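Single-structure report; data block below.
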Amino acid sequence: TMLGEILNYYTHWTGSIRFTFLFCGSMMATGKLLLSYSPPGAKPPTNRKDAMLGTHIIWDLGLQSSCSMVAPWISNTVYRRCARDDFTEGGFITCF
Amino acid sequence: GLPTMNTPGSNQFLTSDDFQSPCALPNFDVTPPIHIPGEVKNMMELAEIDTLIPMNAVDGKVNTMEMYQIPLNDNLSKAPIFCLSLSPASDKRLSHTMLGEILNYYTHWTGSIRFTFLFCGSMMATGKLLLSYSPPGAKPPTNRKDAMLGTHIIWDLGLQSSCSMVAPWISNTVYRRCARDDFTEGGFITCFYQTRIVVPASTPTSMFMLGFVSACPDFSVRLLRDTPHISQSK
Amino acid sequence: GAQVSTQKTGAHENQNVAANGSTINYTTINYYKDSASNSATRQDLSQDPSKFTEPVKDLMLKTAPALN
Amino acid sequence: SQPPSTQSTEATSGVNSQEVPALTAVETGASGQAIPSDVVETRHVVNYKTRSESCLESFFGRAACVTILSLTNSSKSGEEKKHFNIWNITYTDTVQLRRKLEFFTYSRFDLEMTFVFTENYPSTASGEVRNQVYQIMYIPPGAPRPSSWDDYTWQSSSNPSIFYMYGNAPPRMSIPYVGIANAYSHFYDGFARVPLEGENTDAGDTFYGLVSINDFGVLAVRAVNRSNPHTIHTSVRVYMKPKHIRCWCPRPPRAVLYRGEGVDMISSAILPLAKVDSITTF
Amino acid sequence: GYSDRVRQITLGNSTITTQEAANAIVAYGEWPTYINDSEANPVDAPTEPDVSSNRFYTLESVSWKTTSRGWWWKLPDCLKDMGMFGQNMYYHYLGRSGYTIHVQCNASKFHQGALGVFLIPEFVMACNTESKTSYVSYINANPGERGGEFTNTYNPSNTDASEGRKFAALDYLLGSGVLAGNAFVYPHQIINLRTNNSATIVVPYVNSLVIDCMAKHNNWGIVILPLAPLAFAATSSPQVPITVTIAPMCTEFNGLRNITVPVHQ
Ligand SMILES: CCCCCCCCCCCCCC(=O)O
């Protein structure tokens, strides 16, 4: 992604990251989605109840077609390594 | 001592008496109050809450949840949708609403009554309903033609889901008896289609509405009586 | 140390004003010191029906759409 | 000054506007707010009526009969145990009082109690019996309770009591609010204790509700007279009038016949409404 | 400007948005608050989590079919294993909390039906036996997030001890002998499918005590009823989910002890 491509020129990064989801269905259709971020560690959020205990937003589909979920910068360091270095685990993002 | 005479009433026991009695537990330290949300000061505060009317309590509906659902259709009809007698502590279908039960503790009542109807059909369906009140001097507003000569509201089903009709305090007395009588005739309430409900393809053709009843701010009661609704064996 | 207070009016009271006549009065003396022994309290017509009839966070006026 | 009256009606006229009091959205949880001046033309009316009968203090200002106790003073030895009667204090013995109280979830009040006595002869033959006196003793929860009409606890060295001579005016006494909580609850959605993982899976079955938590003691009532050849049976009617009352949460009133001290239903009485012939009957 | 229908509720680490709500209700006009020193009962040093217990939790979803007669929950009970709210109610003898109750139910514009969402303080329900009164097991009385269901048949058993320990959850009498039509006295909101897809009710703690024991008493219950039937007209049997999402708020605890572990199945 553009964010990934810029960050691939760096060894370290920091700050919150936003994930925005645009629904592209019919106008007559409705529904709700759960967008969630869990800090790193423990087992991954493989079902809704566990995803739910993490940071999350419930997105109501309607005229506003785009919902922003923000993964706060929750970390045990100052900057995380860009590389998939186990010293700086990313956390998990899911949608249910 | 002071010479006195004992007047009539001495030594009787009256249910509604107001007279100081000695304390059973002198110097008892009473557990202090805290604020508890929801304080009620007057029964009329509850009389003003909109509650459901078991409008359809007919065979097969009586004492089931469906008694609160007034049917509506997309079919031709010149018939009334429902009818109600405006006698809150008498009409079988009105007597058990919150307003009805509070009034069953009173001998007389006054003020205006509000009837609120909520359409619980599809969003795609539309239509117009006529709600009306016809004071007692009238013959039963059987036809739409009779209903439209009384007090009435045309309710356009739309973006706002409900409509409130008020049956004003039109009376030949000040307060009407709560108990059924022939003299204190309630007046008639009914509803007709003003047009028809129009339902599109793949949309249900059988809709319901929920009617509610409540007291208006000018409402009041006169004298307390026991409710006829709850029995006890010996 | 008696407390005089206005009586509820009745059949022979000419005004519904309740501020006409020096005769619409009664005297209360509390004979017992334990407050539980006091006679029934005064009428208080303060009401706040909004707690049950309009407990809505966002104020809406009755003339405006209930839902904007 | 003058007690505040109910809503007066202003005069109004015809309306043609974008303001629409006729429509609302009851989905909001709010009731409709329409009054006659919003939907019809009205004339000016000064409203001098007040909601005084309907105030809670007025509503509950009646001494309801709650229970009836049976005392028997007899020379027959098998009746000794009947000379003395113990009443577990509750308002649940009578439907009108509990139903009115059950309009609310919680309440606080002081209580006035009145004791009305009636004597008769249950026997096939009457005769002279001297005037009887009755003792009403309140025994708080945990206090010693008598085994008989002539036991030691009747000395009333702690427990408050009333001695009433038959024929005088009924005794009347006032009890200050005595709940441990800051209001009496009329309902309790819970258990007296919490059964744990080391206990039976059906545990708690017998200790649910207001019934398992409240204990207001008992009324120990006895004739205080010695037995006579002609038996006297006494009916004691115990009345209650709550006063200085505040209530904190409205509830629907019970629609059906009560079965016991809880909220239990009897299937024979779960049909509270009468049938009508038609939705269109006036 | 802003619409009334569109809203955002943020608590702790969670947010709920909606584009179709009929405003929100604050029961009795009051917000959850912490106990004022002047009303405190215990003299223990209180625990006041800020963003641990005070987050939204999603309870297991239920399905709305045309044959359902309603659903119910006991409120503290439905959150008993919900992360930190769950752990704190078991570690502490006492606790108090208000709640934000949010009920969700989607439907298309071609669907009809309505759900009454009522919050009932002290939601005491009748036993299902005529041989005993106020009789119900701890376990059946407190089902957890699963909640329970309403029926339209009263089928008590005066001989079967097991069935008698379940609740007699009639829909029309709300499980306790009161006609449902008067349920509207309680704070409530209606998810009328042609108007709203959600409801929000703010709930203050309401009791005779400032604080009570959570493993013993359910301050509030949640009742959802099919006030109007579900219909789609493009199927013989329509179905939509109903999901209840709840957050504790202004939560406090006292009486720290060993973790309570209730009888369970
Ligand atoms: C000498 C006889 C005096 C008896 C005093 C008994 C006082 C009872 C207090 C009222 C308890 C019932 C209230 C409730 O159940 O919520």
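Following the order of the structure tokens, first chain is A, next is B, and so on, with residues numbered from 1 inside each chain and ligands from 1 in the order they appear.
Within chain C, DSSP applied to the backbone places the following residues in alpha helix (DSSP H): residues 50, 51, 52 and 53 of chain C.
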Go ahead and write the residues just picked, N, CA and C atoms, as an mmCIF file, in the first residue's frame.
data_model
loop_
_atom_site.group_PDB
_atom_site.id
_atom_site.type_symbol
_atom_site.label_atom_id
_atom_site.label_comp_id
_atom_site.auth_asym_id
_atom_site.auth_seq_id
_atom_site.Cartn_x
_atom_site.Cartn_y
_atom_site.Cartn_z
ATOM 1 N N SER C 50 -41.999 14.088 33.279
ATOM 2 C CA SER C 50 -41.026 13.924 32.211
ATOM 3 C C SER C 50 -40.124 12.739 32.472
ATOM 4 N N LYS C 51 -39.983 12.341 33.733
ATOM 5 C CA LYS C 51 -39.162 11.195 34.060
ATOM 6 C C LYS C 51 -39.670 9.941 33.398
ATOM 7 N N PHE C 52 -40.974 9.874 33.176
ATOM 8 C CA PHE C 52 -41.542 8.686 32.629
ATOM 9 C C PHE C 52 -42.122 8.905 31.239
ATOM 10 N N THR C 53 -42.494 10.140 30.894
ATOM 11 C CA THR C 53 -43.143 10.362 29.613
ATOM 12 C C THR C 53 -42.225 10.942 28.555
#
As a quick test: using only C-alpha atoms and all ligand atoms, which residues lie no more than 9 Å away from ligand 1? Give them as a PyMOL selection string.
(chain B and resi 24-25) or (chain D and resi 89-92+101+106-113+135-140+159-162+173-179+183-187+210+214-221+240+242)
Region 44-227 of chain D: which residues are strand (DSSP E or B) by DSSP, as a count of residues only?
61
Excluding residue 64 (chain C) and its own-chain neighbours fewer than 2 positions away, which residues fall within 7 Å of it when counting only C-alpha atoms? Please give them as an MDAnalysis selection string.
(chainID C and resid 61:62 66) or (chainID D and resid 19:20)
For residue 222 (chain E), find every residue with an atom within 6 Å (counting only C-alpha atoms), except residues of its own chain fewer than 6 positions away, and show them as a list in words.
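So, after excluding close chain neighbours, the residues are residues 72, 73 and 119 of chain E.
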What lies within 12 Å of residue 90 (chain A) using only C-alpha atoms, ignoring chain neighbours under 5 positions off, as a PyMOL selection string?
chain A and resi 13-14+16-17+37-41+44+71-77+79-85
Selection file, N, CA and C atoms, as a PDB file, in the first residue's frame:
ATOM      1  N   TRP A  13       9.201   2.742  12.664  1.00  0.00           N
ATOM      2  CA  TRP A  13       8.046   3.621  12.516  1.00  0.00           C
ATOM      3  C   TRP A  13       7.207   3.731  13.771  1.00  0.00           C
ATOM      4  N   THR A  14       6.437   4.802  13.858  1.00  0.00           N
ATOM      5  CA  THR A  14       5.540   4.974  14.988  1.00  0.00           C
ATOM      6  C   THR A  14       4.331   5.821  14.674  1.00  0.00           C
ATOM      7  N   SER A  16      -0.368   6.122  15.336  1.00  0.00           N
ATOM      8  CA  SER A  16      -1.560   5.334  15.079  1.00  0.00           C
ATOM      9  C   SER A  16      -1.791   5.193  13.588  1.00  0.00           C
ATOM     10  N   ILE A  17      -2.518   4.133  13.232  1.00  0.00           N
ATOM     11  CA  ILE A  17      -2.882   3.826  11.852  1.00  0.00           C
ATOM     12  C   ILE A  17      -4.374   3.670  11.680  1.00  0.00           C
ATOM     13  N   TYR A  37      -9.366  -4.113  16.459  1.00  0.00           N
ATOM     14  CA  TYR A  37      -7.928  -4.206  16.645  1.00  0.00           C
ATOM     15  C   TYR A  37      -7.526  -4.701  18.016  1.00  0.00           C
ATOM     16  N   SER A  38      -6.707  -5.724  18.038  1.00  0.00           N
ATOM     17  CA  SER A  38      -6.237  -6.225  19.293  1.00  0.00           C
ATOM     18  C   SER A  38      -4.753  -5.954  19.402  1.00  0.00           C
ATOM     19  N   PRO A  39      -4.257  -5.510  20.548  1.00  0.00           N
ATOM     20  CA  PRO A  39      -2.864  -5.350  20.825  1.00  0.00           C
ATOM     21  C   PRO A  39      -2.248  -6.725  20.661  1.00  0.00           C
ATOM     22  N   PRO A  40      -0.948  -6.812  20.425  1.00  0.00           N
ATOM     23  CA  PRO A  40      -0.175  -8.016  20.235  1.00  0.00           C
ATOM     24  C   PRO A  40      -0.126  -8.827  21.490  1.00  0.00           C
ATOM     25  N   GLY A  41       0.096 -10.120  21.335  1.00  0.00           N
ATOM     26  CA  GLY A  41       0.173 -11.022  22.464  1.00  0.00           C
ATOM     27  C   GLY A  41      -1.126 -11.801  22.590  1.00  0.00           C
ATOM     28  N   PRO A  44      -4.847 -15.027  18.874  1.00  0.00           N
ATOM     29  CA  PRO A  44      -5.518 -14.154  17.955  1.00  0.00           C
ATOM     30  C   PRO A  44      -7.017 -14.251  18.143  1.00  0.00           C
ATOM     31  N   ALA A  71      -6.485   2.097  14.867  1.00  0.00           N
ATOM     32  CA  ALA A  71      -5.683   1.255  15.709  1.00  0.00           C
ATOM     33  C   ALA A  71      -4.741   2.201  16.449  1.00  0.00           C
ATOM     34  N   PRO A  72      -4.946   2.490  17.746  1.00  0.00           N
ATOM     35  CA  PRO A  72      -4.184   3.438  18.511  1.00  0.00           C
ATOM     36  C   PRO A  72      -2.795   2.892  18.580  1.00  0.00           C
ATOM     37  N   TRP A  73      -1.812   3.731  18.789  1.00  0.00           N
ATOM     38  CA  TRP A  73      -0.481   3.179  18.825  1.00  0.00           C
ATOM     39  C   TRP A  73      -0.134   2.635  20.185  1.00  0.00           C
ATOM     40  N   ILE A  74      -0.520   1.399  20.389  1.00  0.00           N
ATOM     41  CA  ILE A  74      -0.314   0.717  21.643  1.00  0.00           C
ATOM     42  C   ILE A  74       0.909  -0.134  21.485  1.00  0.00           C
ATOM     43  N   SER A  75       1.941   0.188  22.224  1.00  0.00           N
ATOM     44  CA  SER A  75       3.205  -0.490  22.064  1.00  0.00           C
ATOM     45  C   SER A  75       4.062  -0.440  23.299  1.00  0.00           C
ATOM     46  N   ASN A  76       5.010  -1.365  23.392  1.00  0.00           N
ATOM     47  CA  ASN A  76       5.956  -1.384  24.495  1.00  0.00           C
ATOM     48  C   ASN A  76       7.291  -0.770  24.117  1.00  0.00           C
ATOM     49  N   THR A  77       7.319  -0.099  22.995  1.00  0.00           N
ATOM     50  CA  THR A  77       8.520   0.545  22.516  1.00  0.00           C
ATOM     51  C   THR A  77       8.250   1.970  22.076  1.00  0.00           C
ATOM     52  N   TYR A  79       9.486   3.121  18.834  1.00  0.00           N
ATOM     53  CA  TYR A  79       9.267   2.883  17.423  1.00  0.00           C
ATOM     54  C   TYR A  79       9.265   1.389  17.222  1.00  0.00           C
ATOM     55  N   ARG A  80       8.457   0.903  16.310  1.00  0.00           N
ATOM     56  CA  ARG A  80       8.464  -0.507  16.003  1.00  0.00           C
ATOM     57  C   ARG A  80       9.345  -0.752  14.823  1.00  0.00           C
ATOM     58  N   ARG A  81       9.928  -1.927  14.751  1.00  0.00           N
ATOM     59  CA  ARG A  81      10.755  -2.246  13.615  1.00  0.00           C
ATOM     60  C   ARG A  81       9.849  -2.486  12.423  1.00  0.00           C
ATOM     61  N   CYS A  82      10.251  -2.023  11.252  1.00  0.00           N
ATOM     62  CA  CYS A  82       9.467  -2.264  10.049  1.00  0.00           C
ATOM     63  C   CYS A  82       9.445  -3.736   9.660  1.00  0.00           C
ATOM     64  N   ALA A  83      10.573  -4.404   9.867  1.00  0.00           N
ATOM     65  CA  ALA A  83      10.783  -5.809   9.550  1.00  0.00           C
ATOM     66  C   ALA A  83       9.921  -6.672  10.436  1.00  0.00           C
ATOM     67  N   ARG A  84       9.614  -7.905  10.006  1.00  0.00           N
ATOM     68  CA  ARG A  84       8.805  -8.798  10.843  1.00  0.00           C
ATOM     69  C   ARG A  84       9.678  -9.411  11.922  1.00  0.00           C
ATOM     70  N   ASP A  85      10.039  -8.564  12.838  1.00  0.00           N
ATOM     71  CA  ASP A  85      10.902  -8.837  13.938  1.00  0.00           C
ATOM     72  C   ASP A  85      10.040  -9.108  15.144  1.00  0.00           C
TER      73      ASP A  85
END
Quick check: residues of chain C within 7 Å of chain E, only C-alpha atoms, returned as a VMD selection string.
chain C and resid 51 to 52 55 to 58 67 to 68
Output as a PDB file with N, CA and C atoms, in the first residue's frame the set of chain E residues within 7 Å of chain D, with distances taken over only C-alpha atoms.
ATOM      1  N   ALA E  22     -33.956   6.065  17.261  1.00  0.00           N
ATOM      2  CA  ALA E  22     -34.934   7.048  17.723  1.00  0.00           C
ATOM      3  C   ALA E  22     -34.430   7.749  18.962  1.00  0.00           C
ATOM      4  N   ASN E  23     -33.384   8.525  18.788  1.00  0.00           N
ATOM      5  CA  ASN E  23     -32.666   9.188  19.866  1.00  0.00           C
ATOM      6  C   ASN E  23     -32.180   8.159  20.870  1.00  0.00           C
ATOM      7  N   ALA E  24     -32.155   8.535  22.136  1.00  0.00           N
ATOM      8  CA  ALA E  24     -31.697   7.662  23.193  1.00  0.00           C
ATOM      9  C   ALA E  24     -32.425   8.037  24.448  1.00  0.00           C
ATOM     10  N   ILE E  25     -32.589   7.073  25.313  1.00  0.00           N
ATOM     11  CA  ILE E  25     -33.307   7.263  26.553  1.00  0.00           C
ATOM     12  C   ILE E  25     -32.455   7.270  27.760  1.00  0.00           C
ATOM     13  N   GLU E 122     -35.512  -5.035  38.986  1.00  0.00           N
ATOM     14  CA  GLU E 122     -36.077  -6.129  39.765  1.00  0.00           C
ATOM     15  C   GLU E 122     -36.969  -7.038  38.919  1.00  0.00           C
ATOM     16  N   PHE E 123     -36.452  -7.576  37.828  1.00  0.00           N
ATOM     17  CA  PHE E 123     -37.279  -8.403  36.968  1.00  0.00           C
ATOM     18  C   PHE E 123     -37.484  -9.799  37.514  1.00  0.00           C
ATOM     19  N   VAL E 124     -38.379  -9.876  38.470  1.00  0.00           N
ATOM     20  CA  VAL E 124     -38.696 -11.109  39.155  1.00  0.00           C
ATOM     21  C   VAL E 124     -39.682 -11.897  38.324  1.00  0.00           C
ATOM     22  N   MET E 125     -39.389 -13.173  38.103  1.00  0.00           N
ATOM     23  CA  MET E 125     -40.225 -14.058  37.296  1.00  0.00           C
ATOM     24  C   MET E 125     -40.742 -15.241  38.113  1.00  0.00           C
ATOM     25  N   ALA E 126     -41.929 -15.712  37.746  1.00  0.00           N
ATOM     26  CA  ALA E 126     -42.640 -16.832  38.372  1.00  0.00           C
ATOM     27  C   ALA E 126     -42.015 -18.189  38.123  1.00  0.00           C
ATOM     28  N   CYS E 127     -42.167 -19.088  39.096  1.00  0.00           N
ATOM     29  CA  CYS E 127     -41.699 -20.471  38.975  1.00  0.00           C
ATOM     30  C   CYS E 127     -42.592 -21.253  38.034  1.00  0.00           C
ATOM     31  N   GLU E 130     -46.769 -25.568  40.205  1.00  0.00           N
ATOM     32  CA  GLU E 130     -47.848 -25.110  41.061  1.00  0.00           C
ATOM     33  C   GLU E 130     -47.739 -25.649  42.483  1.00  0.00           C
ATOM     34  N   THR E 133     -43.650 -22.155  45.585  1.00  0.00           N
ATOM     35  CA  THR E 133     -43.646 -20.746  45.201  1.00  0.00           C
ATOM     36  C   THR E 133     -42.241 -20.201  45.284  1.00  0.00           C
ATOM     37  N   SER E 134     -41.955 -19.162  44.494  1.00  0.00           N
ATOM     38  CA  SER E 134     -40.657 -18.505  44.459  1.00  0.00           C
ATOM     39  C   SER E 134     -39.576 -19.559  44.354  1.00  0.00           C
ATOM     40  N   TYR E 135     -39.820 -20.527  43.492  1.00  0.00           N
ATOM     41  CA  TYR E 135     -38.946 -21.655  43.344  1.00  0.00           C
ATOM     42  C   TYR E 135     -38.249 -21.672  41.998  1.00  0.00           C
ATOM     43  N   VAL E 136     -36.935 -21.518  42.003  1.00  0.00           N
ATOM     44  CA  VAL E 136     -36.146 -21.520  40.759  1.00  0.00           C
ATOM     45  C   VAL E 136     -34.688 -21.795  41.090  1.00  0.00           C
ATOM     46  N   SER E 137     -33.978 -22.584  40.300  1.00  0.00           N
ATOM     47  CA  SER E 137     -32.582 -22.820  40.682  1.00  0.00           C
ATOM     48  C   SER E 137     -31.719 -21.624  40.374  1.00  0.00           C
ATOM     49  N   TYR E 138     -30.546 -21.549  41.002  1.00  0.00           N
ATOM     50  CA  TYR E 138     -29.619 -20.471  40.722  1.00  0.00           C
ATOM     51  C   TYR E 138     -29.262 -20.469  39.256  1.00  0.00           C
ATOM     52  N   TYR E 154     -48.451 -21.717  29.245  1.00  0.00           N
ATOM     53  CA  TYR E 154     -48.079 -21.926  30.627  1.00  0.00           C
ATOM     54  C   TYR E 154     -48.280 -23.381  30.882  1.00  0.00           C
ATOM     55  N   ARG E 165     -38.094 -25.822  38.262  1.00  0.00           N
ATOM     56  CA  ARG E 165     -36.992 -24.951  38.613  1.00  0.00           C
ATOM     57  C   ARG E 165     -36.589 -24.025  37.479  1.00  0.00           C
ATOM     58  N   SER E 176     -44.443 -12.709  34.891  1.00  0.00           N
ATOM     59  CA  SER E 176     -44.745 -12.416  36.293  1.00  0.00           C
ATOM     60  C   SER E 176     -46.190 -12.076  36.633  1.00  0.00           C
ATOM     61  N   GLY E 177     -47.095 -12.104  35.667  1.00  0.00           N
ATOM     62  CA  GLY E 177     -48.487 -11.813  35.993  1.00  0.00           C
ATOM     63  C   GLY E 177     -48.944 -10.411  35.647  1.00  0.00           C
ATOM     64  N   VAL E 178     -48.170  -9.697  34.863  1.00  0.00           N
ATOM     65  CA  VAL E 178     -48.529  -8.347  34.470  1.00  0.00           C
ATOM     66  C   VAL E 178     -48.730  -8.250  32.988  1.00  0.00           C
ATOM     67  N   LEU E 179     -49.821  -7.687  32.547  1.00  0.00           N
ATOM     68  CA  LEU E 179     -49.984  -7.614  31.122  1.00  0.00           C
ATOM     69  C   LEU E 179     -48.906  -6.773  30.507  1.00  0.00           C
ATOM     70  N   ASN E 182     -48.667  -2.979  29.552  1.00  0.00           N
ATOM     71  CA  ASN E 182     -48.362  -1.947  30.511  1.00  0.00           C
ATOM     72  C   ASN E 182     -46.869  -1.879  30.783  1.00  0.00           C
ATOM     73  N   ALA E 183     -46.081  -2.636  30.016  1.00  0.00           N
ATOM     74  CA  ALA E 183     -44.631  -2.725  30.142  1.00  0.00           C
ATOM     75  C   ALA E 183     -43.994  -1.412  29.827  1.00  0.00           C
ATOM     76  N   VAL E 185     -44.549   1.303  30.982  1.00  0.00           N
ATOM     77  CA  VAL E 185     -44.306   2.126  32.147  1.00  0.00           C
ATOM     78  C   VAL E 185     -42.802   2.163  32.436  1.00  0.00           C
ATOM     79  N   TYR E 186     -42.094   1.102  32.055  1.00  0.00           N
ATOM     80  CA  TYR E 186     -40.674   0.970  32.267  1.00  0.00           C
ATOM     81  C   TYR E 186     -39.983   1.750  31.172  1.00  0.00           C
ATOM     82  N   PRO E 187     -38.744   2.220  31.333  1.00  0.00           N
ATOM     83  CA  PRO E 187     -38.051   2.889  30.265  1.00  0.00           C
ATOM     84  C   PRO E 187     -37.966   1.897  29.132  1.00  0.00           C
ATOM     85  N   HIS E 188     -38.283   2.354  27.932  1.00  0.00           N
ATOM     86  CA  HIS E 188     -38.295   1.481  26.785  1.00  0.00           C
ATOM     87  C   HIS E 188     -38.123   2.229  25.502  1.00  0.00           C
ATOM     88  N   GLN E 189     -37.726   1.522  24.466  1.00  0.00           N
ATOM     89  CA  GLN E 189     -37.584   2.130  23.150  1.00  0.00           C
ATOM     90  C   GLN E 189     -38.063   1.082  22.144  1.00  0.00           C
ATOM     91  N   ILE E 190     -38.558   1.489  20.976  1.00  0.00           N
ATOM     92  CA  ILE E 190     -39.063   0.471  20.039  1.00  0.00           C
ATOM     93  C   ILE E 190     -38.282   0.366  18.739  1.00  0.00           C
ATOM     94  N   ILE E 191     -37.797  -0.823  18.424  1.00  0.00           N
ATOM     95  CA  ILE E 191     -37.113  -0.950  17.164  1.00  0.00           C
ATOM     96  C   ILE E 191     -38.125  -1.399  16.154  1.00  0.00           C
ATOM     97  N   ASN E 192     -38.793  -0.409  15.625  1.00  0.00           N
ATOM     98  CA  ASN E 192     -39.792  -0.528  14.590  1.00  0.00           C
ATOM     99  C   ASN E 192     -39.008  -0.578  13.319  1.00  0.00           C
ATOM    100  N   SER E 208     -32.450  -0.146  46.506  1.00  0.00           N
ATOM    101  CA  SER E 208     -32.734   0.325  47.848  1.00  0.00           C
ATOM    102  C   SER E 208     -31.438   0.579  48.620  1.00  0.00           C
ATOM    103  N   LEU E 209     -30.357   0.113  48.058  1.00  0.00           N
ATOM    104  CA  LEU E 209     -29.034   0.254  48.617  1.00  0.00           C
ATOM    105  C   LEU E 209     -28.192   1.034  47.660  1.00  0.00           C
ATOM    106  N   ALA E 215     -23.336 -11.099  42.799  1.00  0.00           N
ATOM    107  CA  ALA E 215     -23.542 -12.515  42.573  1.00  0.00           C
ATOM    108  C   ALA E 215     -24.899 -12.959  43.130  1.00  0.00           C
ATOM    109  N   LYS E 216     -25.572 -12.079  43.869  1.00  0.00           N
ATOM    110  CA  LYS E 216     -26.845 -12.411  44.466  1.00  0.00           C
ATOM    111  C   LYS E 216     -27.987 -11.714  43.782  1.00  0.00           C
ATOM    112  N   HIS E 217     -27.762 -10.485  43.328  1.00  0.00           N
ATOM    113  CA  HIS E 217     -28.875  -9.711  42.809  1.00  0.00           C
ATOM    114  C   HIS E 217     -28.680  -9.052  41.461  1.00  0.00           C
ATOM    115  N   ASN E 218     -29.701  -9.198  40.633  1.00  0.00           N
ATOM    116  CA  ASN E 218     -29.733  -8.594  39.324  1.00  0.00           C
ATOM    117  C   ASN E 218     -30.489  -7.289  39.372  1.00  0.00           C
ATOM    118  N   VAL E 261     -16.931 -18.414  42.887  1.00  0.00           N
ATOM    119  CA  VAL E 261     -17.218 -19.297  41.783  1.00  0.00           C
ATOM    120  C   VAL E 261     -18.554 -19.988  42.029  1.00  0.00           C
ATOM    121  N   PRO E 262     -19.655 -19.482  41.450  1.00  0.00           N
ATOM    122  CA  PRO E 262     -21.026 -19.920  41.579  1.00  0.00           C
ATOM    123  C   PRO E 262     -21.232 -21.302  41.048  1.00  0.00           C
ATOM    124  N   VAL E 263     -22.282 -21.940  41.530  1.00  0.00           N
ATOM    125  CA  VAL E 263     -22.679 -23.245  41.048  1.00  0.00           C
ATOM    126  C   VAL E 263     -23.022 -23.096  39.585  1.00  0.00           C
ATOM    127  N   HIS E 264     -22.553 -24.017  38.766  1.00  0.00           N
ATOM    128  CA  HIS E 264     -22.800 -23.898  37.344  1.00  0.00           C
ATOM    129  C   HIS E 264     -22.896 -25.244  36.632  1.00  0.00           C
TER     130      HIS E 264
END
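Neighbouring residues of residue 32 (chain C) at 8 Å or closer, counting only C-alpha atoms and skipping chain neighbours under 2 positions away, are residues 20, 22 and 23 of chain B; 30, 34, 35, 37 and 38 of chain C.
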Generate a file of the selected residues that holds N, CA, C and O atoms, formatted as a short mmCIF file (atom, residue, chain, number, x, y, z; two decimals), in the first residue's frame.
data_model
loop_
_atom_site.label_atom_id
_atom_site.label_comp_id
_atom_site.auth_asym_id
_atom_site.auth_seq_id
_atom_site.Cartn_x
_atom_site.Cartn_y
_atom_site.Cartn_z
N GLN B 20 -52.96 11.14 65.52
CA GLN B 20 -51.63 10.75 65.96
C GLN B 20 -51.70 9.54 66.87
O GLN B 20 -52.45 9.54 67.84
N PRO B 22 -49.17 6.78 69.22
CA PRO B 22 -47.89 6.71 69.89
C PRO B 22 -46.93 5.85 69.14
O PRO B 22 -47.35 4.86 68.53
N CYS B 23 -45.66 6.18 69.23
CA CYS B 23 -44.63 5.42 68.58
C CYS B 23 -44.31 4.14 69.31
O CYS B 23 -44.11 4.13 70.53
N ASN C 30 -48.11 18.70 67.40
CA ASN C 30 -47.50 17.39 67.40
C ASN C 30 -47.31 17.01 68.85
O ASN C 30 -46.58 17.68 69.58
N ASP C 34 -41.55 11.42 68.65
CA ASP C 34 -41.07 10.52 67.63
C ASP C 34 -41.85 10.88 66.38
O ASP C 34 -43.07 10.79 66.38
N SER C 35 -41.17 11.24 65.31
CA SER C 35 -41.83 11.75 64.11
C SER C 35 -42.77 10.77 63.43
O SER C 35 -43.68 11.17 62.72
N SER C 37 -45.07 9.31 64.74
CA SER C 37 -46.35 9.53 65.37
C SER C 37 -47.06 10.73 64.81
O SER C 37 -48.20 11.00 65.16
N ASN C 38 -46.42 11.47 63.94
CA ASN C 38 -47.09 12.62 63.40
C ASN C 38 -48.16 12.14 62.46
O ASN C 38 -48.05 11.07 61.84
#
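Minimum atom-to-atom distance to chain B, evaluated using only C-alpha atoms, belongs to D:47 out of D:235, D:47, D:67, D:268.
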